file my_file_6.cif (mmCIF, N, CA and C atoms)
data_my_file
loop_
_atom_site.label_atom_id
_atom_site.label_comp_id
_atom_site.auth_asym_id
_atom_site.auth_seq_id
_atom_site.Cartn_x
_atom_site.Cartn_y
_atom_site.Cartn_z
N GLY A 862 -79.85 -175.60 -211.91
CA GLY A 862 -79.57 -176.55 -210.84
C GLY A 862 -78.32 -176.36 -209.99
N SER A 863 -77.31 -175.68 -210.55
CA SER A 863 -76.03 -175.51 -209.85
C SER A 863 -76.21 -174.85 -208.49
N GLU A 864 -77.03 -173.80 -208.42
CA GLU A 864 -77.28 -173.09 -207.18
C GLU A 864 -78.06 -173.94 -206.18
N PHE A 865 -78.87 -174.88 -206.67
CA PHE A 865 -79.60 -175.80 -205.80
C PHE A 865 -78.72 -176.94 -205.31
N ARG A 866 -77.73 -177.34 -206.11
CA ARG A 866 -76.74 -178.33 -205.70
C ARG A 866 -75.70 -177.70 -204.80
N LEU A 867 -75.38 -176.43 -205.04
CA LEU A 867 -74.53 -175.70 -204.13
C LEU A 867 -75.15 -175.65 -202.73
N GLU A 868 -76.46 -175.50 -202.66
CA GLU A 868 -77.13 -175.29 -201.38
C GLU A 868 -77.27 -176.59 -200.59
N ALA A 869 -77.38 -177.72 -201.27
CA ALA A 869 -77.46 -179.02 -200.62
C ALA A 869 -76.10 -179.58 -200.29
N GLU A 870 -75.07 -179.16 -201.02
CA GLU A 870 -73.71 -179.53 -200.67
C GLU A 870 -73.23 -178.71 -199.49
N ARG A 871 -73.56 -177.42 -199.49
CA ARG A 871 -73.25 -176.55 -198.37
C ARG A 871 -73.94 -177.02 -197.10
N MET A 872 -75.17 -177.49 -197.22
CA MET A 872 -75.91 -177.94 -196.06
C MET A 872 -75.31 -179.20 -195.48
N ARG A 873 -74.93 -180.14 -196.34
CA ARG A 873 -74.27 -181.35 -195.87
C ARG A 873 -72.93 -181.04 -195.22
N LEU A 874 -72.23 -180.03 -195.70
CA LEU A 874 -70.97 -179.70 -195.06
C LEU A 874 -71.19 -179.09 -193.69
N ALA A 875 -72.13 -178.16 -193.56
CA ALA A 875 -72.42 -177.63 -192.23
C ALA A 875 -72.81 -178.74 -191.26
N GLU A 876 -73.51 -179.76 -191.76
CA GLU A 876 -73.95 -180.87 -190.92
C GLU A 876 -72.77 -181.68 -190.43
N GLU A 877 -71.89 -182.09 -191.35
CA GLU A 877 -70.65 -182.76 -190.98
C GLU A 877 -69.83 -181.89 -190.03
N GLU A 878 -69.85 -180.59 -190.24
CA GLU A 878 -69.17 -179.66 -189.35
C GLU A 878 -69.69 -179.80 -187.93
N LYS A 879 -71.00 -179.69 -187.76
CA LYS A 879 -71.56 -179.63 -186.42
C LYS A 879 -71.58 -180.99 -185.74
N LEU A 880 -71.63 -182.09 -186.50
CA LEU A 880 -71.28 -183.38 -185.92
C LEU A 880 -69.90 -183.29 -185.29
N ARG A 881 -68.92 -182.87 -186.09
CA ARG A 881 -67.54 -182.76 -185.62
C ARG A 881 -67.47 -181.90 -184.38
N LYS A 882 -68.21 -180.80 -184.37
CA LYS A 882 -68.21 -179.97 -183.18
C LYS A 882 -68.85 -180.65 -181.97
N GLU A 883 -69.49 -181.79 -182.15
CA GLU A 883 -70.29 -182.36 -181.09
C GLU A 883 -69.96 -183.81 -180.76
N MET A 884 -69.40 -184.57 -181.68
CA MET A 884 -68.67 -185.72 -181.21
C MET A 884 -67.46 -185.26 -180.40
N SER A 885 -66.90 -184.11 -180.77
CA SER A 885 -65.78 -183.56 -180.00
C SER A 885 -66.21 -183.24 -178.57
N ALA A 886 -67.39 -182.66 -178.40
CA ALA A 886 -67.86 -182.39 -177.06
C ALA A 886 -68.12 -183.68 -176.29
N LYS A 887 -68.70 -184.69 -176.94
CA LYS A 887 -69.00 -185.92 -176.22
C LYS A 887 -67.73 -186.54 -175.66
N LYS A 888 -66.66 -186.57 -176.45
CA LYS A 888 -65.42 -187.17 -175.99
C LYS A 888 -64.88 -186.43 -174.78
N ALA A 889 -64.89 -185.11 -174.81
CA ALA A 889 -64.29 -184.38 -173.71
C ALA A 889 -65.12 -184.48 -172.45
N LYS A 890 -66.43 -184.61 -172.58
CA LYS A 890 -67.23 -184.88 -171.40
C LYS A 890 -67.06 -186.31 -170.92
N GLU A 891 -66.68 -187.22 -171.80
CA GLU A 891 -66.36 -188.56 -171.35
C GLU A 891 -64.98 -188.64 -170.70
N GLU A 892 -64.04 -187.80 -171.11
CA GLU A 892 -62.71 -187.87 -170.53
C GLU A 892 -62.66 -187.14 -169.21
N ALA A 893 -63.31 -185.99 -169.13
CA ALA A 893 -63.46 -185.32 -167.85
C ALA A 893 -63.90 -186.31 -166.78
N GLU A 894 -64.97 -187.05 -167.04
CA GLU A 894 -65.45 -187.99 -166.04
C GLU A 894 -64.53 -189.20 -165.90
N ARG A 895 -63.58 -189.40 -166.79
CA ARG A 895 -62.70 -190.53 -166.60
C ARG A 895 -61.60 -190.19 -165.62
N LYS A 896 -60.97 -189.04 -165.80
CA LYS A 896 -59.96 -188.65 -164.84
C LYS A 896 -60.59 -188.40 -163.49
N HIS A 897 -61.87 -188.02 -163.48
CA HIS A 897 -62.57 -187.83 -162.22
C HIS A 897 -62.63 -189.13 -161.45
N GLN A 898 -63.18 -190.16 -162.07
CA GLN A 898 -63.38 -191.42 -161.36
C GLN A 898 -62.06 -192.10 -161.05
N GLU A 899 -61.08 -191.97 -161.94
CA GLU A 899 -59.78 -192.55 -161.67
C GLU A 899 -59.12 -191.86 -160.49
N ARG A 900 -59.31 -190.55 -160.39
CA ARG A 900 -58.77 -189.80 -159.28
C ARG A 900 -59.46 -190.18 -157.98
N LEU A 901 -60.77 -190.43 -158.03
CA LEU A 901 -61.53 -190.76 -156.84
C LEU A 901 -61.28 -192.17 -156.35
N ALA A 902 -60.96 -193.11 -157.24
CA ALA A 902 -60.63 -194.44 -156.75
C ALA A 902 -59.19 -194.50 -156.27
N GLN A 903 -58.28 -193.80 -156.95
CA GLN A 903 -56.92 -193.66 -156.45
C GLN A 903 -56.93 -193.18 -155.02
N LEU A 904 -57.62 -192.08 -154.77
CA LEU A 904 -57.67 -191.56 -153.42
C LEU A 904 -58.34 -192.54 -152.46
N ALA A 905 -59.34 -193.29 -152.92
CA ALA A 905 -59.97 -194.27 -152.05
C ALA A 905 -59.03 -195.41 -151.69
N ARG A 906 -58.09 -195.72 -152.56
CA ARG A 906 -57.22 -196.86 -152.37
C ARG A 906 -56.03 -196.50 -151.49
N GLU A 907 -55.29 -195.46 -151.85
CA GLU A 907 -54.23 -194.93 -151.00
C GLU A 907 -54.72 -194.83 -149.56
N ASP A 908 -55.95 -194.35 -149.40
CA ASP A 908 -56.49 -194.18 -148.06
C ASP A 908 -56.73 -195.51 -147.38
N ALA A 909 -57.09 -196.54 -148.13
CA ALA A 909 -57.32 -197.82 -147.50
C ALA A 909 -56.00 -198.51 -147.18
N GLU A 910 -54.98 -198.26 -147.98
CA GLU A 910 -53.70 -198.90 -147.73
C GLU A 910 -52.91 -198.15 -146.68
N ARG A 911 -53.13 -196.85 -146.55
CA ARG A 911 -52.53 -196.12 -145.44
C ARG A 911 -53.19 -196.52 -144.13
N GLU A 912 -54.52 -196.56 -144.14
CA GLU A 912 -55.29 -197.08 -143.02
C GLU A 912 -54.80 -198.45 -142.58
N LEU A 913 -54.49 -199.33 -143.54
CA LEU A 913 -54.20 -200.72 -143.22
C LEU A 913 -52.78 -200.89 -142.69
N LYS A 914 -51.82 -200.18 -143.27
CA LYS A 914 -50.46 -200.20 -142.75
C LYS A 914 -50.41 -199.69 -141.32
N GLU A 915 -51.05 -198.54 -141.06
CA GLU A 915 -51.10 -198.01 -139.71
C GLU A 915 -51.71 -199.02 -138.74
N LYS A 916 -52.77 -199.70 -139.17
CA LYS A 916 -53.42 -200.68 -138.31
C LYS A 916 -52.50 -201.86 -138.00
N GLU A 917 -51.75 -202.32 -138.99
CA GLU A 917 -50.91 -203.50 -138.79
C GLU A 917 -49.51 -203.16 -138.33
N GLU A 918 -48.96 -202.00 -138.72
CA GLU A 918 -47.72 -201.57 -138.08
C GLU A 918 -47.92 -201.45 -136.58
N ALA A 919 -49.11 -201.04 -136.16
CA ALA A 919 -49.41 -200.96 -134.73
C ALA A 919 -49.56 -202.34 -134.11
N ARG A 920 -50.41 -203.20 -134.69
CA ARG A 920 -50.60 -204.54 -134.14
C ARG A 920 -49.27 -205.25 -133.93
N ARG A 921 -48.40 -205.20 -134.93
CA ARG A 921 -47.15 -205.92 -134.87
C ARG A 921 -46.31 -205.45 -133.71
N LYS A 922 -46.15 -204.13 -133.56
CA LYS A 922 -45.39 -203.62 -132.44
C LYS A 922 -46.11 -203.84 -131.11
N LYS A 923 -47.42 -204.06 -131.13
CA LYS A 923 -48.12 -204.49 -129.93
C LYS A 923 -47.72 -205.91 -129.53
N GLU A 924 -47.90 -206.87 -130.44
CA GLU A 924 -47.55 -208.24 -130.13
C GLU A 924 -46.06 -208.37 -129.83
N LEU A 925 -45.23 -207.55 -130.47
CA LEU A 925 -43.80 -207.53 -130.16
C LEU A 925 -43.58 -207.19 -128.70
N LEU A 926 -44.02 -206.00 -128.30
CA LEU A 926 -43.77 -205.55 -126.94
C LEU A 926 -44.35 -206.50 -125.90
N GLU A 927 -45.44 -207.18 -126.22
CA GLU A 927 -46.05 -208.02 -125.21
C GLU A 927 -45.29 -209.33 -125.05
N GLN A 928 -44.66 -209.82 -126.11
CA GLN A 928 -43.74 -210.92 -125.94
C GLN A 928 -42.47 -210.47 -125.23
N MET A 929 -42.03 -209.22 -125.46
CA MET A 929 -40.86 -208.70 -124.77
C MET A 929 -41.10 -208.60 -123.27
N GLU A 930 -42.31 -208.24 -122.88
CA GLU A 930 -42.64 -208.18 -121.46
C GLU A 930 -42.67 -209.54 -120.80
N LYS A 931 -42.47 -210.60 -121.55
CA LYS A 931 -42.54 -211.93 -120.99
C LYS A 931 -41.29 -212.31 -120.20
N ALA A 932 -40.24 -211.51 -120.26
CA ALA A 932 -39.09 -211.67 -119.38
C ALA A 932 -39.13 -210.66 -118.23
#
call {"tool": "encode", "arguments": {"input": "my_file_6.cif", "output": "structure tokens"}}
result
Amino acid sequence: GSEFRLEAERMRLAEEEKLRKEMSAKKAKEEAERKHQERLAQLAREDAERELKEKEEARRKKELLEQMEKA
């Protein structure tokens, strides 16, 4: 029986091994897509706040100059 128990213990170890090799892959494919989406929303936000400052920095200096022209 020893050689048959050796073979079923060896098989269970290879199995635990390849789980480890593949929960490891799942995590890294989950993290890749995390920095991806975080990077894509960061860029979407900076762009909206740059857009918005430019829009309102302009409006303000518009209303400013037009009150200045009132003299």
call {"tool": "atom_distance", "arguments": {"input": "my_file_6.cif", "atom1": "atom N of residue 913 of chain A", "atom2": "atom N of residue 901 of chain A"}}
result
18.1 Å
call {"tool": "atom_distance", "arguments": {"input": "my_file_6.cif", "atom1": "atom CA of residue 926 of chain A", "atom2": "atom CA of residue 914 of chain A"}}
result
18.0 Å
call {"tool": "axis_aligned_box", "arguments": {"input": "my_file_6.cif", "around": "segment 892-896 of chain A", "padding_each_side": "8 Å", "output": "AutoDock Vina command-line options"}}
result
--center_x -62.7 --center_y -187.9 --center_z -167.3 --size_x 21.5 --size_y 21.2 --size_z 23.6
call {"tool": "atom_distance", "arguments": {"input": "my_file_6.cif", "atom1": "atom CA of residue 875 of chain A", "atom2": "atom CA of residue 862 of chain A"}}
result
20.0 Å
call {"tool": "decode", "arguments": {"input": "my_file_6.cif", "residues": "segment 862-899 of chain A", "atoms": "N, CA, C and O atoms", "output": "compact mmCIF listing (two decimals), in the first residue's frame"}}
result
# COMPACT_ATOMS: atom_id res chain seq x y z
N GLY A 862 0.74 -1.26 0.00
CA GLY A 862 0.00 0.00 0.00
C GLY A 862 0.78 1.31 0.00
O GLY A 862 0.25 2.34 -0.43
N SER A 863 2.02 1.28 0.49
CA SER A 863 2.83 2.50 0.60
C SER A 863 2.98 3.22 -0.74
O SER A 863 2.87 4.44 -0.81
N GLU A 864 3.25 2.46 -1.80
CA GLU A 864 3.41 3.04 -3.13
C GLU A 864 2.10 3.59 -3.68
O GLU A 864 2.11 4.52 -4.49
N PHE A 865 0.96 3.03 -3.25
CA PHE A 865 -0.35 3.54 -3.65
C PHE A 865 -0.75 4.77 -2.85
O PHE A 865 -1.51 5.61 -3.35
N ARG A 866 -0.29 4.88 -1.60
CA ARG A 866 -0.50 6.06 -0.79
C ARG A 866 0.47 7.16 -1.18
O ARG A 866 0.14 8.34 -1.12
N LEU A 867 1.67 6.77 -1.59
CA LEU A 867 2.60 7.73 -2.16
C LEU A 867 2.00 8.40 -3.39
O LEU A 867 2.18 9.60 -3.61
N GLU A 868 1.28 7.64 -4.20
CA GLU A 868 0.79 8.14 -5.48
C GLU A 868 -0.42 9.06 -5.31
O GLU A 868 -0.61 9.97 -6.11
N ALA A 869 -1.23 8.82 -4.28
CA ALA A 869 -2.38 9.66 -4.00
C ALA A 869 -2.02 10.88 -3.18
O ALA A 869 -2.75 11.87 -3.20
N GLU A 870 -0.92 10.80 -2.43
CA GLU A 870 -0.42 11.98 -1.74
C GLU A 870 0.30 12.89 -2.71
O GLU A 870 0.17 14.12 -2.64
N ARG A 871 1.07 12.30 -3.62
CA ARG A 871 1.73 13.07 -4.67
C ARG A 871 0.71 13.76 -5.57
O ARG A 871 0.94 14.88 -6.04
N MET A 872 -0.39 13.09 -5.85
CA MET A 872 -1.41 13.66 -6.72
C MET A 872 -2.09 14.84 -6.05
O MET A 872 -2.32 15.87 -6.67
N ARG A 873 -2.42 14.70 -4.77
CA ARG A 873 -3.01 15.81 -4.04
C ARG A 873 -2.05 16.99 -3.94
O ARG A 873 -2.49 18.14 -3.94
N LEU A 874 -0.76 16.73 -3.85
CA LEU A 874 0.17 17.84 -3.79
C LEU A 874 0.25 18.56 -5.13
O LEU A 874 0.21 19.79 -5.17
N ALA A 875 0.34 17.83 -6.23
CA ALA A 875 0.33 18.49 -7.53
C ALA A 875 -0.94 19.32 -7.71
O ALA A 875 -0.90 20.39 -8.33
N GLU A 876 -2.06 18.85 -7.17
CA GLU A 876 -3.32 19.56 -7.29
C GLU A 876 -3.29 20.87 -6.53
O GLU A 876 -3.65 21.93 -7.07
N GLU A 877 -2.89 20.82 -5.26
CA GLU A 877 -2.69 22.03 -4.47
C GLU A 877 -1.69 22.96 -5.15
O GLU A 877 -1.84 24.19 -5.12
N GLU A 878 -0.67 22.39 -5.77
CA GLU A 878 0.30 23.17 -6.53
C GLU A 878 -0.39 23.98 -7.62
O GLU A 878 -0.24 25.20 -7.69
N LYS A 879 -1.15 23.30 -8.46
CA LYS A 879 -1.70 23.96 -9.64
C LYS A 879 -2.86 24.88 -9.30
O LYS A 879 -3.13 25.82 -10.04
N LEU A 880 -3.59 24.61 -8.21
CA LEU A 880 -4.45 25.65 -7.66
C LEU A 880 -3.64 26.90 -7.39
O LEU A 880 -3.97 27.98 -7.89
N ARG A 881 -2.56 26.75 -6.63
CA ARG A 881 -1.71 27.87 -6.28
C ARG A 881 -1.23 28.58 -7.52
O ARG A 881 -1.22 29.82 -7.59
N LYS A 882 -0.86 27.83 -8.54
CA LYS A 882 -0.44 28.46 -9.78
C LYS A 882 -1.57 29.20 -10.48
O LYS A 882 -1.31 29.94 -11.44
N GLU A 883 -2.80 29.04 -10.05
CA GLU A 883 -3.93 29.55 -10.81
C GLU A 883 -4.88 30.43 -10.01
O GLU A 883 -5.58 31.23 -10.61
N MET A 884 -4.94 30.30 -8.71
CA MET A 884 -5.45 31.43 -7.97
C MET A 884 -4.49 32.60 -8.12
O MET A 884 -4.92 33.76 -8.15
N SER A 885 -3.20 32.31 -8.26
CA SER A 885 -2.22 33.37 -8.49
C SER A 885 -2.50 34.09 -9.80
O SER A 885 -2.41 35.32 -9.86
N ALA A 886 -2.82 33.35 -10.85
CA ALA A 886 -3.15 34.00 -12.10
C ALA A 886 -4.43 34.82 -11.99
O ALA A 886 -4.52 35.92 -12.53
N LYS A 887 -5.44 34.30 -11.29
CA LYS A 887 -6.70 35.04 -11.19
C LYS A 887 -6.48 36.39 -10.54
O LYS A 887 -7.01 37.40 -11.02
N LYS A 888 -5.69 36.44 -9.47
CA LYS A 888 -5.45 37.69 -8.78
C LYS A 888 -4.77 38.69 -9.70
O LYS A 888 -5.17 39.85 -9.76
N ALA A 889 -3.77 38.25 -10.44
CA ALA A 889 -3.03 39.21 -11.25
C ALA A 889 -3.85 39.70 -12.42
O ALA A 889 -3.65 40.83 -12.88
N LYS A 890 -4.75 38.88 -12.94
CA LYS A 890 -5.66 39.38 -13.95
C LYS A 890 -6.73 40.28 -13.35
O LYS A 890 -7.30 41.11 -14.05
N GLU A 891 -7.02 40.12 -12.07
CA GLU A 891 -7.92 41.05 -11.42
C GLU A 891 -7.23 42.37 -11.08
O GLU A 891 -7.89 43.41 -11.00
N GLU A 892 -5.94 42.35 -10.81
CA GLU A 892 -5.26 43.59 -10.45
C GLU A 892 -4.92 44.39 -11.69
O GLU A 892 -5.05 45.62 -11.70
N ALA A 893 -4.46 43.72 -12.74
CA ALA A 893 -4.28 44.39 -14.01
C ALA A 893 -5.49 45.23 -14.35
O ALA A 893 -5.38 46.44 -14.60
N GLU A 894 -6.67 44.63 -14.31
CA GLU A 894 -7.87 45.39 -14.65
C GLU A 894 -8.24 46.41 -13.57
O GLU A 894 -9.09 47.27 -13.81
N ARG A 895 -7.63 46.36 -12.40
CA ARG A 895 -7.98 47.36 -11.42
C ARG A 895 -7.21 48.63 -11.68
O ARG A 895 -7.78 49.73 -11.65
N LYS A 896 -5.91 48.52 -11.89
CA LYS A 896 -5.15 49.71 -12.21
C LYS A 896 -5.60 50.27 -13.54
O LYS A 896 -5.53 51.49 -13.75
N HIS A 897 -6.11 49.42 -14.42
CA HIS A 897 -6.63 49.89 -15.69
C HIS A 897 -7.79 50.84 -15.47
O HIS A 897 -7.77 52.00 -15.90
N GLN A 898 -8.81 50.37 -14.77
CA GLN A 898 -10.02 51.17 -14.60
C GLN A 898 -9.76 52.38 -13.73
O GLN A 898 -10.36 53.44 -13.93
N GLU A 899 -8.89 52.25 -12.73
CA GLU A 899 -8.56 53.39 -11.90
C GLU A 899 -7.84 54.45 -12.70
O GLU A 899 -8.06 55.65 -12.52
